[PDB]
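Report on one structure; see the data block that follows.
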Amino acid sequence: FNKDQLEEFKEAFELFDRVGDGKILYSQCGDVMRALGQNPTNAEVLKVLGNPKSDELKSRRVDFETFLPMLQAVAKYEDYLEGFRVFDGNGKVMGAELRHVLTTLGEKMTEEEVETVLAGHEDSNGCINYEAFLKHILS
Amino acid sequence: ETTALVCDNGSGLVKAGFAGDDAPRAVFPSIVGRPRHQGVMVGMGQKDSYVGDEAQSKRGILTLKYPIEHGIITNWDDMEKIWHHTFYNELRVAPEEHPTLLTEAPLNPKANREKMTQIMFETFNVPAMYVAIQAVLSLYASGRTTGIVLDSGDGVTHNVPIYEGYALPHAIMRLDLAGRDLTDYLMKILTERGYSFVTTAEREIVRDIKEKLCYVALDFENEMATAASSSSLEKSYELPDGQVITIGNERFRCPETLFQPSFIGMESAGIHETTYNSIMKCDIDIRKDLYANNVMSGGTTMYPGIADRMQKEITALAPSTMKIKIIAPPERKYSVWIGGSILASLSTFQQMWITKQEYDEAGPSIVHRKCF
Amino acid sequence: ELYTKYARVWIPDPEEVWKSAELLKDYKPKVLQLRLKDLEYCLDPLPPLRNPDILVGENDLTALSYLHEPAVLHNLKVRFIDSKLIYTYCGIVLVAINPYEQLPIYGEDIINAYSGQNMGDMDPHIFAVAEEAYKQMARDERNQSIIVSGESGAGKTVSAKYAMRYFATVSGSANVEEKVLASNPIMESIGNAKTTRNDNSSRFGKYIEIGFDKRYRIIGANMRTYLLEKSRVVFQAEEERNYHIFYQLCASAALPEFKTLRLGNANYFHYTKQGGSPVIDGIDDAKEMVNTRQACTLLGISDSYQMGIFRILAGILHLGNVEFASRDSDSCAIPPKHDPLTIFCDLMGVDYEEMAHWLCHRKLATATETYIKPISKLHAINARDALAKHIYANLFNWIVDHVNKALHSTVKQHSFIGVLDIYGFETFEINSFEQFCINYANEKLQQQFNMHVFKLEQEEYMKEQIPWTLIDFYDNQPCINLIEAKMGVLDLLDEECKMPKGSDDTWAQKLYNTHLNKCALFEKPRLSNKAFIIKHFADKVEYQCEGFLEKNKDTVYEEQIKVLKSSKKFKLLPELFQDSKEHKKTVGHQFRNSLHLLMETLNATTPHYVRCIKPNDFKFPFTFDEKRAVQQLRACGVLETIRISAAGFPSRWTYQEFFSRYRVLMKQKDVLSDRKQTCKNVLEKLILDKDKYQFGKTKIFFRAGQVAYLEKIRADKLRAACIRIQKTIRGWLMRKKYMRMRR
Amino acid sequence: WXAXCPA
Ligand SMILES: Nc1ncnc2c1ncn2[C@@H]1O[C@H](COP(=O)(O)OP(=O)(O)O)[C@@H](O)[C@H]1O
Ligand SMILES: Nc1ncnc2c1ncn2[C@@H]1O[C@H](COP(=O)(O)OP(=O)(O)O)[C@@H](O)[C@H]1O
Ligand SMILES: [Mg+2]
Ligand SMILES: [Mg+2]
């Protein structure tokens with residue numbers, strides 16, 4: 001990352017600081033990386049955070065300088081399509097099955113997150129064109 | 001399954017039947033008759049031989065041989081007829097399909113066993129054969145495993161002490177005084193009353209007297225003095241033709257010869273004193289058991305009172321403390337057959353048979369080696 | 001070889017036969033670190049391994065991917081407790097566990113619902129097997145029979161009740177079955193007994209032939225009985241009873257009809273006295289017989305014959321009280337007047353003096369003459385007991401005829417379906433000649449079972465292309481040869497009955513001398529001469545020799561039968577005998593021959609099987625106890641069947657159902673509409689070789705564990721994709737948060 | 001027999 005990127009990222013980081021000390025919590029680091037274009041797994045997020053314990057994850061605050069190596073470490077379509085084609089061959093996916101798997105398998109989400117991401121993508125039968133949904137969520 | 005045959009070559013009877021039966025399916029005199037007179041009527045029937053009940057029915061016309069004398073088979077040519085008649089006529093059975101069990105007196109000439117086997121395998125082709133000591137079979141017959149068996153046939157008397165199912169062969173005694181010698185003596189003494197019985201057919205007329213009217217004196221000298229003192233003993237009998245003959249003390253005088261063979265002119269002692277001198281040969285440990293288990297066997301021990309006369313006599317030889325008991329089941333004439341029927345149906349025995357195969361390999365010497 | 005952290009395994013335990021663990025150290029090659037909630041548990045010169053939760057509860061115990069006693073016991077436990085399902089299948093064998101409460105399940109609309117449908121199509125129920133029997137009999141004129149087997153009280157008779165009710169409702173169009181059910185009180189009263197473990201154990205084997213016309217309407221039913229435990233009549237182990245009817249009769253002595261039978265209390269008579277236990281808890285036999293007498297009255301036996309039957313049983317009880325004085329080693333006698341012979345001769349109307357003579361002496365008659373002997377007091381006692389056993393067994397065989405006269409119908413029986421209720425393999429903490437017979441009949445029945453299952457698999461493989469040689473089976477013939485063949489245990493038992501003096505002490509010495517180190521399956525208990533140990537198919541059993549011979553021996557003196565047959569007082573007593581070499585046959589050879597009469601009846605037939613197992617000893621409703629149930633399931637041969645199946649290719653998938661479940665493994669590259677060839681391509685990628693699978697015509701066969709392998713790789717791919725999708729959703733959603741804040 | 005007796 002160059003100076004311009006570091007400046008934009010630091011400014012964005014400071015916008016998410018809700019306490020005024022110029023810091024975010026460890027638990028927000030992953031969120032900031034994802035907002036900045038990274039796609040780390042929860043395991044990867046904890047790894048770049050150093051697998052923090054609950055107490056420091058919930059109350060320890062870190063500035064940009066300690067965050068930066070973690071962003072770097074994270075930084076250093078066809079699979080997405082095959083992954084969706086697993087659950088398909090008319091180019092659709094049931095809303096119920098995606099909802100169930102997203103709320104019960106993997107990194108389980110809340111019903112509101114799944115409804116939000118699925119909102120406007122299903123038809124009257126409740127089917128989502130997944131190539132369009134994938135392009136949408138990758139944009 | 002195929003059942004074994006059980007056959008007993010007595011001197012006086014053949015007894016045969018199927019193993020598992022409680023009585024023989026055939027009994028008949030082991031007697032072979034040939035016609036002696038001229039055959040007058042052309043077109044009547046003709047036979048070179050009669051056997052058993054046939055030779056009985058016609059006996060007036062016949063000379064009657066016994067092929068067995070003192071338990072030795074004295075000519076084989078007739079004996080083979082007696083067996084042939086037994087299997088084919090009396091039992092009506094093919095011997096090719098059934099094991100056969102054959103019965104013998106303890107000391108008799110060892111050549112007898114060889115020939116008796118050789119005829120079973122060569123003539124009848126029997127699958128399997130065995131030969132068993134008469135006194136042994138009497139124990140199976142009388143539900144016992146220890147005893148001294150006194151067994152007396154038409155042709156032989158013998159003792160065989162057995163303890164815990166071990167036989168004890170040094171202690172085994174054989175007097176050949178038997179039914180036939182009681183008959184011949186009965187004829188000689190009957191001559192005193194002015195009757196003579198001269199021929200084979202007539203000798204069996206004597207024998208029927210012996211069977212019907214003989215009995216054993218509980219004291220010999222008492223009854224001998226009694227009959228001289230009064231005739232209450234005296235009884236009388238009808239010959240086949242209807243002549244009556246009348247007999248007194250003389251009807252006991254034959255059974256007494258078993259207790260004094262000096263009458264017949266034998267050396268050896270009565271069968272009480274052989275029985276005792278057999279027990280004395282036994283180990284002093286066992287004898288208390290042999291004194292209790294005295295077993296009568298064979299038809300010559302059917303005479304009324306022989307049991308008590310034995311007990312009263314041997315209870316005089318034996319030491320006063322010992323319990324002496326005499327065991328005389330009323331079927332004892334059969335008992336050697338019965339005990340052979342029991343023995344032949346045991347499963348342990350089935351390994352014991354002399355096989356046709358092993359005879360064919362080994363030759364008739366096998367019968368001494370395997371059988372005992 | 002798979003074990004990881006978050007693997008699960010079964011481990012043995014004293015209290016429940018198995019307990020689960022999770023493994024929380026990855027194992028590679030000597031000790032495992034397990035949580036339960038910690039132990040390290042030793043490996044020894046591997047632990048059993050556990051099915052994924054999708055399998056457990058699946059409707060066929062051969063469906064599981066790991067097959068072993070823990071998984072089977074677990075499935076049956078969860079199905080029984082949680083889903084209240086009493087019925088489960090193993091292979092072809094239905095397995096049934098008695099709920100021991102009433103249930104709705106047997107109602108009419110279920111009977112109707114099952115009709116017409118195959119054994120895969122529906123969840124297991126007794127009706128499903130009866131419907132298989134009916135459907136095979138509809139394909140083939142070949143008769144069918146149904147075999148119901150288990151420990152006493154496991155529910156055999158009730159399972160027969162329902163299996164017949166299925167035919168009665170589906171086929172029947174009008175009244176056989178109401179008569180069949182009215183037969184149950186009679187056959188139980190004469191045929192059931194109280195035993196050490198439970199009361200009301202059936203001591204015989206009962207076969208009902210439901211007869212059909214050529215349109216398979218029920219015409220009529222024919223009842224046969226086998227293997228009757230005759231020895232129980234005269235002898236009883238401690239705390240047992242002879243057949244219930246004797247106690248019902250004794251309990252009824254106060255009633256005015258019975259008053260002429262001059263009965264006592266039930267511990268008066270020497271036959272009932274012996275067990276020491278007159279009264280059963282919660283059964284009043286006085287109001288049992290009112291039931292059984294009504295059952296006779298309905299099922300067509302007159303009051304004349306009923307009073308005949310009770311007059312005969314009272315005759316037997318009075319017979320047993322006859323006691324003999326000795327005179328001699330070789331002679332016994334009867335005291336000048338003996339009351340239980342005086343009464344007995346009045347009851348059956350014969351000369352006291354003639355029974356007094358013929359009881360005491362015996363007669364034997366040759367070609368020429370008849371001889372009459374004294375006999376010892378022990379032989380006279382054996383003769384008296386053999387007489388009582390012969391009278392009883394003929395009264396039984398007569399009551400079964402007068403039942404059949406009520407149950408036959410004159411129309412031609414085109415074919416029949418048969419139902420069999422028979423005591424299960426049974427092992428106790430004393431074992432005795434009865435148990436030896438029961439275990440011999442069970443060895444025979446599970447030879448027929450092994451040969452049948454091996455035949456059905458030879459048929460299935462030939463519906464496919466696959467070589468038979470992969471199949472093999474447990475042949476138990478060497479144990480039957482040990483028990484049954486010449487120089488076998490039963491043969492040397494009869495030999496002691498023949499041999500001049502015989503005793504269990506002298507018997508056992510013969511057993512040892514012949515078998516002891518000649519045979520792999522016969523063993524001596526290390527510290528007794530008196531007993532011997534047989535390796536029966538399920539488990540080693542130790543039999544005590546003591547009192548085999550007394551149980552082994554029957555011989556009825558013909559003249560004793562003739563004295564009874566001379567009776568003119570009443571019509572039943574002549575009728576029983578009226579209808580030798582038979583009379584000699586020992587109990588251990590009448591049992592052999594009745595087991596042949598059974599097995600030749602079944603071998604003419606095609607079997608279907610039901611196994612009953614009892615959850616708990618204490619009559620607790622609808623609980624379950626591991627420690628019994630494992631013994632039951634070994635006794636059923638279920639475990640051996642399962643182990644055999646695990647040795648083979650147990651799992652089946654149809655190409656459609658495999659493709660449908662495992663499409664997630666495949667790719668759009670790799671799907672072509674000829675499903676079979678696509679799966680042939682994919683599988684060789686996924687699993688190395690045919691050594692783990694066979695391509696059938698319509699099914700794929702796998703060796704054990706490859707299903708778990710498929711589920712493992714499927715679940716891994718499923719989580720990998722799921723987490724990828726969540727991660728990307730949160731990436732763009734956090735870009736939405738970045739928009740939310742920066743806007 | 002063969003010696004001491006007639007049979
Ligand atoms: N009831 C009897 N009383 C006296 N003597 C008999 C009686 N029965 C048979 N005998 C005689 O005993 C002999 C037959 O005895 P038995 O045991 O039949 O001979 P075997 O040894 O041939 O079987 C014959 O001499 C016969 O006369
Ligand atoms: N399916 C079932 N439903 C209800 N009760 C049952 C069932 N199976 C067994 N039982 C109970 O178990 C008892 C003992 O079994 P039963 O069949 O009578 O004896 P056995 O098994 O010796 O023939 C039955 O009387 C009944 O009370
Ligand atoms: Mg004799
Ligand atoms: Mg029952």
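Numbering starts fresh at 1 for the residues of each chain in the structure tokens, the chains themselves are lettered A, B, ... in the order given, and ligands are numbered from 1 as they appear.
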> Just asking: which residues within chain A are strand (DSSP E) according to DSSP, as number ranges by chain?
Replying inline: A: 24-25, 61-62, 92-94, 127-129
Write the residues you've just listed into a file as a PDB file, in the first residue's frame, and include C-alpha atoms for each of them.
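part34.pdb was written with the following content:
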ATOM      1  CA  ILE A  24     -11.184   0.672  16.782  1.00  0.00           C
ATOM      2  CA  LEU A  25     -11.704  -2.592  18.605  1.00  0.00           C
ATOM      3  CA  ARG A  61      -8.449  -0.573  21.152  1.00  0.00           C
ATOM      4  CA  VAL A  62      -5.731  -0.395  18.468  1.00  0.00           C
ATOM      5  CA  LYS A  92     -31.877 -20.161 -10.019  1.00  0.00           C
ATOM      6  CA  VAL A  93     -31.507 -21.129  -6.352  1.00  0.00           C
ATOM      7  CA  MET A  94     -34.282 -21.633  -3.810  1.00  0.00           C
ATOM      8  CA  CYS A 127     -35.824 -17.808  -6.759  1.00  0.00           C
ATOM      9  CA  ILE A 128     -32.596 -15.835  -7.155  1.00  0.00           C
ATOM     10  CA  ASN A 129     -30.558 -15.540 -10.339  1.00  0.00           C
TER      11      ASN A 129
END
>> I need the chain C residues near chain A as a list in words; criterion: at most 6 Å, counting only C-alpha atoms.
In response: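 The complete set of qualifying residues is residues 664, 719, 721, 722, 723, 727, 731, 732, 734, 735 and 738 of chain C.
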> Residues at most 9 Å from ligand 3, using only C-alpha atoms and all ligand atoms? Could they come as a PyMOL selection string?
Replying inline: chain B and resi 8-13+103-105+134-135+151-157+297-300+333-337
Any chance you can output those residues with C-alpha atoms as an mmCIF file, in the first residue's frame?
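Contents of result.cif, as written:
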data_model
loop_
_atom_site.group_PDB
_atom_site.id
_atom_site.type_symbol
_atom_site.label_atom_id
_atom_site.label_comp_id
_atom_site.auth_asym_id
_atom_site.auth_seq_id
_atom_site.Cartn_x
_atom_site.Cartn_y
_atom_site.Cartn_z
ATOM 1 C CA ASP B 8 -26.484 -117.709 20.754
ATOM 2 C CA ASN B 9 -25.059 -121.114 19.848
ATOM 3 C CA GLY B 10 -26.053 -123.048 22.898
ATOM 4 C CA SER B 11 -25.677 -126.805 22.819
ATOM 5 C CA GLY B 12 -29.379 -127.458 23.292
ATOM 6 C CA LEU B 13 -31.138 -124.474 21.737
ATOM 7 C CA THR B 103 -21.718 -116.230 21.778
ATOM 8 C CA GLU B 104 -19.248 -118.742 23.148
ATOM 9 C CA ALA B 105 -18.099 -120.611 26.265
ATOM 10 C CA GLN B 134 -21.604 -116.032 27.991
ATOM 11 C CA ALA B 135 -20.919 -115.040 31.597
ATOM 12 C CA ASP B 151 -23.695 -120.442 34.013
ATOM 13 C CA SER B 152 -24.714 -123.937 32.959
ATOM 14 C CA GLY B 153 -25.978 -124.864 29.519
ATOM 15 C CA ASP B 154 -26.926 -127.987 27.677
ATOM 16 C CA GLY B 155 -23.232 -128.576 27.036
ATOM 17 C CA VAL B 156 -21.013 -126.677 29.515
ATOM 18 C CA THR B 157 -20.942 -125.280 33.035
ATOM 19 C CA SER B 297 -27.484 -118.470 34.556
ATOM 20 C CA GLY B 298 -28.596 -120.859 31.844
ATOM 21 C CA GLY B 299 -31.281 -123.483 31.670
ATOM 22 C CA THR B 300 -29.563 -126.203 33.708
ATOM 23 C CA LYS B 333 -32.348 -119.263 30.621
ATOM 24 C CA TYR B 334 -32.827 -116.288 28.270
ATOM 25 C CA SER B 335 -30.496 -114.011 30.200
ATOM 26 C CA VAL B 336 -27.419 -114.673 28.048
ATOM 27 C CA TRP B 337 -29.494 -113.658 25.031
#
>> Using only C-alpha atoms, which protein or nucleic acid residues come within 12 Å of residue 4 in chain D? Drop anything in the same chain fewer than 2 positions from it, and give the result as JSON, numbers by chain.
In response: {"B": [70, 176], "D": [1, 2, 6, 7]}
Under the rule of at most 9 Å, produce a per-residue listing of chain C near chain B: chain, number, name, the closest pair of atoms, and the distance in Å, as JSON lines, using only C-alpha atoms.
{"residue": "C:330", "atom": "CA", "partner": "B:327", "partner_atom": "CA", "distance": 9.0}
{"residue": "C:364", "atom": "CA", "partner": "B:22", "partner_atom": "CA", "distance": 7.4}
{"residue": "C:365", "atom": "CA", "partner": "B:23", "partner_atom": "CA", "distance": 7.1}
{"residue": "C:366", "atom": "CA", "partner": "B:23", "partner_atom": "CA", "distance": 5.2}
{"residue": "C:367", "atom": "CA", "partner": "B:25", "partner_atom": "CA", "distance": 6.4}
{"residue": "C:368", "atom": "CA", "partner": "B:27", "partner_atom": "CA", "distance": 8.3}
{"residue": "C:371", "atom": "CA", "partner": "B:331", "partner_atom": "CA", "distance": 6.6}
{"residue": "C:372", "atom": "CA", "partner": "B:330", "partner_atom": "CA", "distance": 7.6}
{"residue": "C:373", "atom": "CA", "partner": "B:330", "partner_atom": "CA", "distance": 7.0}
{"residue": "C:374", "atom": "CA", "partner": "B:329", "partner_atom": "CA", "distance": 8.8}
{"residue": "C:486", "atom": "CA", "partner": "B:347", "partner_atom": "CA", "distance": 7.3}
{"residue": "C:487", "atom": "CA", "partner": "B:347", "partner_atom": "CA", "distance": 6.6}
{"residue": "C:491", "atom": "CA", "partner": "B:347", "partner_atom": "CA", "distance": 7.2}
{"residue": "C:492", "atom": "CA", "partner": "B:347", "partner_atom": "CA", "distance": 7.1}
{"residue": "C:494", "atom": "CA", "partner": "B:346", "partner_atom": "CA", "distance": 8.8}
{"residue": "C:495", "atom": "CA", "partner": "B:346", "partner_atom": "CA", "distance": 5.9}
{"residue": "C:496", "atom": "CA", "partner": "B:346", "partner_atom": "CA", "distance": 9.0}
{"residue": "C:498", "atom": "CA", "partner": "B:342", "partner_atom": "CA", "distance": 7.0}
{"residue": "C:499", "atom": "CA", "partner": "B:140", "partner_atom": "CA", "distance": 7.5}
{"residue": "C:500", "atom": "CA", "partner": "B:143", "partner_atom": "CA", "distance": 4.2}
{"residue": "C:501", "atom": "CA", "partner": "B:143", "partner_atom": "CA", "distance": 6.4}
{"residue": "C:581", "atom": "CA", "partner": "B:21", "partner_atom": "CA", "distance": 8.5}
Keeping N, CA, C and O atoms, export the residues of the selection given above as a PDB file, in the first residue's frame.
ATOM      1  N   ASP C 330     -34.022-106.382  45.109  1.00  0.00           N
ATOM      2  CA  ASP C 330     -34.534-106.753  43.800  1.00  0.00           C
ATOM      3  C   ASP C 330     -36.054-106.816  43.774  1.00  0.00           C
ATOM      4  O   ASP C 330     -36.632-107.099  42.720  1.00  0.00           O
ATOM      5  N   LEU C 364     -42.727-110.101  30.847  1.00  0.00           N
ATOM      6  CA  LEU C 364     -41.980-110.243  29.608  1.00  0.00           C
ATOM      7  C   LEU C 364     -42.300-111.608  29.025  1.00  0.00           C
ATOM      8  O   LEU C 364     -42.249-112.614  29.737  1.00  0.00           O
ATOM      9  N   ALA C 365     -42.627-111.642  27.736  1.00  0.00           N
ATOM     10  CA  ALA C 365     -43.138-112.847  27.099  1.00  0.00           C
ATOM     11  C   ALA C 365     -42.333-113.155  25.849  1.00  0.00           C
ATOM     12  O   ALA C 365     -42.191-112.302  24.968  1.00  0.00           O
ATOM     13  N   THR C 366     -41.809-114.373  25.782  1.00  0.00           N
ATOM     14  CA  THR C 366     -41.017-114.835  24.657  1.00  0.00           C
ATOM     15  C   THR C 366     -41.909-115.565  23.653  1.00  0.00           C
ATOM     16  O   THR C 366     -43.133-115.619  23.790  1.00  0.00           O
ATOM     17  N   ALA C 367     -41.277-116.107  22.609  1.00  0.00           N
ATOM     18  CA  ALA C 367     -41.974-116.970  21.659  1.00  0.00           C
ATOM     19  C   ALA C 367     -42.767-118.077  22.347  1.00  0.00           C
ATOM     20  O   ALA C 367     -43.798-118.516  21.827  1.00  0.00           O
ATOM     21  N   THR C 368     -42.310-118.543  23.507  1.00  0.00           N
ATOM     22  CA  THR C 368     -42.843-119.746  24.137  1.00  0.00           C
ATOM     23  C   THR C 368     -43.704-119.467  25.358  1.00  0.00           C
ATOM     24  O   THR C 368     -44.746-120.103  25.526  1.00  0.00           O
ATOM     25  N   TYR C 371     -43.073-114.547  31.443  1.00  0.00           N
ATOM     26  CA  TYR C 371     -42.356-114.476  32.706  1.00  0.00           C
ATOM     27  C   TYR C 371     -42.699-113.181  33.421  1.00  0.00           C
ATOM     28  O   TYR C 371     -42.873-112.136  32.787  1.00  0.00           O
ATOM     29  N   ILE C 372     -42.796-113.258  34.745  1.00  0.00           N
ATOM     30  CA  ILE C 372     -43.177-112.123  35.573  1.00  0.00           C
ATOM     31  C   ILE C 372     -42.121-111.952  36.652  1.00  0.00           C
ATOM     32  O   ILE C 372     -41.829-112.893  37.398  1.00  0.00           O
ATOM     33  N   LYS C 373     -41.556-110.753  36.736  1.00  0.00           N
ATOM     34  CA  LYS C 373     -40.424-110.471  37.594  1.00  0.00           C
ATOM     35  C   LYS C 373     -40.815-109.446  38.647  1.00  0.00           C
ATOM     36  O   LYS C 373     -41.608-108.542  38.370  1.00  0.00           O
ATOM     37  N   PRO C 374     -40.274-109.548  39.857  1.00  0.00           N
ATOM     38  CA  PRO C 374     -40.145-108.350  40.685  1.00  0.00           C
ATOM     39  C   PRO C 374     -39.200-107.361  40.023  1.00  0.00           C
ATOM     40  O   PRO C 374     -38.408-107.710  39.145  1.00  0.00           O
ATOM     41  N   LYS C 486     -24.154 -89.829  16.108  1.00  0.00           N
ATOM     42  CA  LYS C 486     -23.763 -90.996  16.884  1.00  0.00           C
ATOM     43  C   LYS C 486     -22.445 -90.730  17.601  1.00  0.00           C
ATOM     44  O   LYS C 486     -21.568 -90.026  17.089  1.00  0.00           O
ATOM     45  N   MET C 487     -22.311 -91.292  18.804  1.00  0.00           N
ATOM     46  CA  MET C 487     -21.279 -90.892  19.758  1.00  0.00           C
ATOM     47  C   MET C 487     -21.365 -89.410  20.110  1.00  0.00           C
ATOM     48  O   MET C 487     -20.377 -88.815  20.554  1.00  0.00           O
ATOM     49  N   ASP C 491     -26.414 -89.274  22.382  1.00  0.00           N
ATOM     50  CA  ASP C 491     -26.316 -90.711  22.155  1.00  0.00           C
ATOM     51  C   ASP C 491     -25.717 -91.421  23.366  1.00  0.00           C
ATOM     52  O   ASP C 491     -26.263 -92.419  23.861  1.00  0.00           O
ATOM     53  N   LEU C 492     -24.617 -90.879  23.892  1.00  0.00           N
ATOM     54  CA  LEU C 492     -24.034 -91.380  25.127  1.00  0.00           C
ATOM     55  C   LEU C 492     -24.921 -91.136  26.334  1.00  0.00           C
ATOM     56  O   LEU C 492     -24.670 -91.722  27.391  1.00  0.00           O
ATOM     57  N   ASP C 494     -28.329 -91.703  26.184  1.00  0.00           N
ATOM     58  CA  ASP C 494     -29.200 -92.867  26.117  1.00  0.00           C
ATOM     59  C   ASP C 494     -28.434 -94.129  26.481  1.00  0.00           C
ATOM     60  O   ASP C 494     -29.009 -95.071  27.046  1.00  0.00           O
ATOM     61  N   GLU C 495     -27.139 -94.168  26.149  1.00  0.00           N
ATOM     62  CA  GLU C 495     -26.339 -95.352  26.447  1.00  0.00           C
ATOM     63  C   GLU C 495     -26.305 -95.646  27.942  1.00  0.00           C
ATOM     64  O   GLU C 495     -26.408 -96.805  28.356  1.00  0.00           O
ATOM     65  N   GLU C 496     -26.153 -94.608  28.770  1.00  0.00           N
ATOM     66  CA  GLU C 496     -26.234 -94.791  30.216  1.00  0.00           C
ATOM     67  C   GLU C 496     -27.600 -95.290  30.667  1.00  0.00           C
ATOM     68  O   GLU C 496     -27.699 -95.979  31.689  1.00  0.00           O
ATOM     69  N   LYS C 498     -29.330 -97.416  28.852  1.00  0.00           N
ATOM     70  CA  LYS C 498     -29.212 -98.838  28.538  1.00  0.00           C
ATOM     71  C   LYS C 498     -28.280 -99.558  29.509  1.00  0.00           C
ATOM     72  O   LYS C 498     -28.594-100.659  29.977  1.00  0.00           O
ATOM     73  N   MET C 499     -27.135 -98.954  29.818  1.00  0.00           N
ATOM     74  CA  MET C 499     -26.059 -99.640  30.518  1.00  0.00           C
ATOM     75  C   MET C 499     -26.499-100.066  31.921  1.00  0.00           C
ATOM     76  O   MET C 499     -27.319 -99.394  32.553  1.00  0.00           O
ATOM     77  N   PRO C 500     -25.974-101.196  32.425  1.00  0.00           N
ATOM     78  CA  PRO C 500     -26.591-101.856  33.592  1.00  0.00           C
ATOM     79  C   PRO C 500     -26.697-100.982  34.826  1.00  0.00           C
ATOM     80  O   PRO C 500     -27.744-100.977  35.486  1.00  0.00           O
ATOM     81  N   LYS C 501     -25.647-100.242  35.161  1.00  0.00           N
ATOM     82  CA  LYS C 501     -25.745 -99.205  36.176  1.00  0.00           C
ATOM     83  C   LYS C 501     -25.214 -97.913  35.589  1.00  0.00           C
ATOM     84  O   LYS C 501     -24.086 -97.864  35.088  1.00  0.00           O
ATOM     85  N   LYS C 581     -42.122-100.729  20.004  1.00  0.00           N
ATOM     86  CA  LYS C 581     -40.826-100.089  19.809  1.00  0.00           C
ATOM     87  C   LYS C 581     -40.832 -98.635  20.261  1.00  0.00           C
ATOM     88  O   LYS C 581     -39.808 -98.130  20.734  1.00  0.00           O
TER      89      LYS C 581
END
> If we count only C-alpha atoms, what is near range 418-426 of chain C at a cut-off of 7 Å, once residues fewer than 3 positions away on the same chain are taken out, given as a PyMOL selection string?
Replying inline: chain C and resi 144-152+156-157+160+202+204-210+435+438-439+442+635
>> Please find the residues contacting ligand 2 at a distance of at most 7 Å between atoms, with only C-alpha atoms and all ligand atoms counted, and report them as a count of residues only.
In response: 17
> What are the DSSP helix (DSSP H, G or I) residues of range 6-127 of chain A, as a PyMOL selection string?
Replying inline: chain A and resi 6-15+26-35+42-49+54-59+64-75+78-85+95-104+111-118
>> Quick one: residues within 12 Å of range 187-197 of chain B, only C-alpha atoms, excluding same-chain residues fewer than 6 positions away - as number ranges by chain?
In response: B: 180-181, 203-207, 209-210, 239, 243-254, 257, 263-264
>> Tell me as a ChimeraX atom specification which residues belonging to chain B come within 9 Å of chain D, counting only C-alpha atoms.
In response: /B:68-74,108-109
Output N, CA and C atoms for every residue in that selection, as a short mmCIF file (atom, residue, chain, number, x, y, z; two decimals), in the first residue's frame.
data_model
loop_
_atom_site.label_atom_id
_atom_site.label_comp_id
_atom_site.auth_asym_id
_atom_site.auth_seq_id
_atom_site.Cartn_x
_atom_site.Cartn_y
_atom_site.Cartn_z
N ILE B 68 -23.16 -129.76 18.14
CA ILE B 68 -22.42 -129.14 19.22
C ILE B 68 -22.35 -130.11 20.38
N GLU B 69 -21.16 -130.34 20.90
CA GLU B 69 -21.00 -131.19 22.07
C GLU B 69 -20.00 -130.58 23.04
N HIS B 70 -20.47 -130.31 24.26
CA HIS B 70 -19.69 -129.61 25.26
C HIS B 70 -19.21 -128.26 24.75
N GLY B 71 -20.11 -127.60 24.04
CA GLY B 71 -19.85 -126.30 23.46
C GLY B 71 -18.85 -126.21 22.32
N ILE B 72 -18.26 -127.33 21.92
CA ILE B 72 -17.45 -127.37 20.71
C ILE B 72 -18.34 -127.79 19.55
N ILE B 73 -18.18 -127.12 18.41
CA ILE B 73 -18.91 -127.49 17.20
C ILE B 73 -18.19 -128.69 16.58
N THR B 74 -18.85 -129.85 16.58
CA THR B 74 -18.18 -131.10 16.26
C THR B 74 -18.25 -131.48 14.79
N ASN B 108 -13.23 -122.76 25.27
CA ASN B 108 -13.35 -123.79 24.24
C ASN B 108 -12.31 -123.59 23.13
N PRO B 109 -11.99 -124.66 22.40
CA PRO B 109 -10.80 -124.66 21.53
C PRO B 109 -10.73 -123.45 20.61
#
> Excluding same-chain residues fewer than 6 positions from residue 580 in chain C, what lies within 10 Å of it counting only C-alpha atoms, as a PyMOL selection string?
Replying inline: (chain B and resi 21) or (chain C and resi 556-558)
